[PDB]
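Note sheet for the following structure.
When we count neighbours, we look across all protein chains shown, and the Cβ atoms used for this are built from the backbone with ideal geometry, even at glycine. What follows draws every value from the coordinates through simple rules; no lab data is involved.
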Number of protein chains: 2
Amino acid sequence: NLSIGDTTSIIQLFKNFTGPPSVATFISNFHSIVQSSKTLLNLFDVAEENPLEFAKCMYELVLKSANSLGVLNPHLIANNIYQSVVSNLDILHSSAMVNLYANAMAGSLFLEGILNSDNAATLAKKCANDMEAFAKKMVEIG
Amino acid sequence: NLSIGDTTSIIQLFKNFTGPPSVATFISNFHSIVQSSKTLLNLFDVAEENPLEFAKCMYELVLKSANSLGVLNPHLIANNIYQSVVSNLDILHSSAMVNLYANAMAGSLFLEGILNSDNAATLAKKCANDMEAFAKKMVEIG
């Protein structure tokens with residue numbers, strides 16, 4: 001099944017007790033993937049260096065990522081993330097560095113009509129795995 | 001909201017099967033507030049007309065709203081929402097137009113330690129009610 005959070009059938013998805021918005025399951029997956037995957041933390045462990053390395057990496061990565069996904073205006077996501085990082089630069093902390101990324105991208109990917117109740121986990125994995133895969137061009141052996 | 005928005009239902013939210021973050025319940029509140037307030041929906045009903053009116057409204061609105069909420073970098077949320085409003089022209093839906101405003105504000109409040117599992121209703125209400133209050137401040141008089 002390749003999901004791990006999948007432990008109960010569609011009965012519990014339609015039990016009339018719950019129904020969080022699709023934006024919430026994306027950001028909750030993203031925060032969990034950061035804790036599960038050392039290579040995300042291995043970038044934030046060097047966020048004490050030049051902050052433009054992280055901010056310019058984020059902009060240029062989101063430029064290719066949002067184009068590859070097929071977003072209506074892929075510049076909007078990269079610009080949102082670059083501007084939120086460079087201004088609110090007080091919060092270089094490991095989780096805080098992705099709280100802006102995950103919220104800005106979750107609300108912006110919504111604009112393509114994607115980010116369904118389950119596809120939100122696929123998009124969260126895509127964005128988080130592309131983040132560490134590109135960070136390996138900027139981070140070094142250690 | 002005839003006390004219907006404050007019934008201390010949080011006992012049902014803490015039942016060993018769910019527990020979404022403060023940033024998610026804000027967005028669910030925002031949807032309910034947008035649906036109940038006719039004047040919020042009456043803004044997005046004119047979406048067939050000039051999109052610059054929404055972009056300039058949201059830019060000037062968020063500039064003073066984020067300062068009034070005491071946010072560290074009020075320019076970021078205004079700049080991000082402004083660029084995003086000129087970048088969702090294919091999906092100018094009522095819930096979609098407000099999704100960018102609400103989720104960008106929610107993430108920017110969350111990172112700073114503002115916005116909480118019950119205070120999110122107060123923040124969502126004042127942020128939503130200021131949107132229609134600034135829309136009815138650019139229409140003609142008769």
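Within the set A:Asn1, A:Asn42, the sole residue that is away from every other protein chain (no Cβ under 14 Å) and either touching a helix residue (DSSP H, G or I) at 6+ places or on another chain (Cβ under 9 Å) or within 26 Å of A:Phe134 (Cβ to Cβ) (or both) turns out to be A:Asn42. Test A:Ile33 against the criterion of being of a type in the set (A, V, I, L, M, F, W, C) and free of Cβ contacts under 8 Å to residues at least 40 places away in the same chain, and give yes or no. In short, no. In region A:4-22, of all residues being assigned to a helix (DSSP H, G or I) and surrounded by fewer than 11 Cβ atoms within 10 Å (Cβ to Cβ), the one that is farthest from the other protein chains (Cβ to nearest Cβ) corresponds to A:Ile10. Against the criterion of being of a type outside the set (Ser, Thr, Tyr), surrounded by fewer than 20 Cβ atoms within 10 Å (Cβ to Cβ) and more than 10 Å from chain A (Cβ to nearest Cβ), B:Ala124 does not qualify. Give the residue that is farthest from A:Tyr101 (Cα to Cα), with candidates limited to residues of region B:47-68 that are among the polar types (S, T, N, Q) and surrounded by fewer than 19 Cβ atoms within 10 Å (Cβ to Cβ). Here the answer is B:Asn50. Within region A:1-49, being under 17 Å from the mean Cα position of the chain (by Cα) and of a type in the set (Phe, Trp, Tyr) holds for A:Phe26, A:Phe30, A:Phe44. Tallying residues that are small (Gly, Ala, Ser), more than 10 Å from chain B (Cβ to nearest Cβ) and part of a helix (DSSP H, G or I) within region A:28-39 yields 2.
The set of residues in region A:69-113 that are facing chain B (nearest Cβ under 7 Å), surrounded by fewer than 22 Cβ atoms within 10 Å (Cβ to Cβ), among the hydrophobic types (A, V, I, L, M, F, W, C) and in contact (Cβ under 8 Å) with a residue 12 or more places away in the chain contains only A:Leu72. Restricting attention to region A:46-68, the residues that are in a loop (DSSP other than H, G, I, E, B) and either in contact with a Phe, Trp or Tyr (Cβ under 9 Å, 6 or more places away or on another chain) or in contact (Cβ under 8 Å) with a residue 24 or more places away in the chain (or both) add up to 3. Remark: pairs (first residue in region A:1-29, free of Cβ contacts under 8 Å to residues at least 24 places away in the same chain; second residue outside any helix (DSSP H, G or I) and surrounded by 11 or more Cβ atoms within 10 Å (Cβ to Cβ); Cβ separation under 6 Å; 6+ apart in sequence or on different chains) = A:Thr18/B:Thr18; A:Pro20/B:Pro20; A:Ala24/B:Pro20. In this structure, A:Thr25 qualifies as part of a helix (DSSP H, G or I), farther than 15 Å from A:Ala96 by Cα and within 14 Å of chain B (Cβ to nearest Cβ).
Going by what's in this entry, would B:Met131 be described as assigned to a helix (DSSP H, G or I), surrounded by 15 or more Cβ atoms within 10 Å (Cβ to Cβ) and more than 10 Å from every other protein chain (Cβ to nearest Cβ)? When the stated conditions are applied, B:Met131 passes them.
Examine region B:66-83 for a residue that is of a type in the set (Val, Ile, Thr) and over 26 Å from A:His93 (Cα atoms), and state whether such a residue exists. Looking for residues that are of a type in the set (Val, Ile, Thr) and over 26 Å from A:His93 (Cα atoms), one finds none in region B:66-83, hence no.
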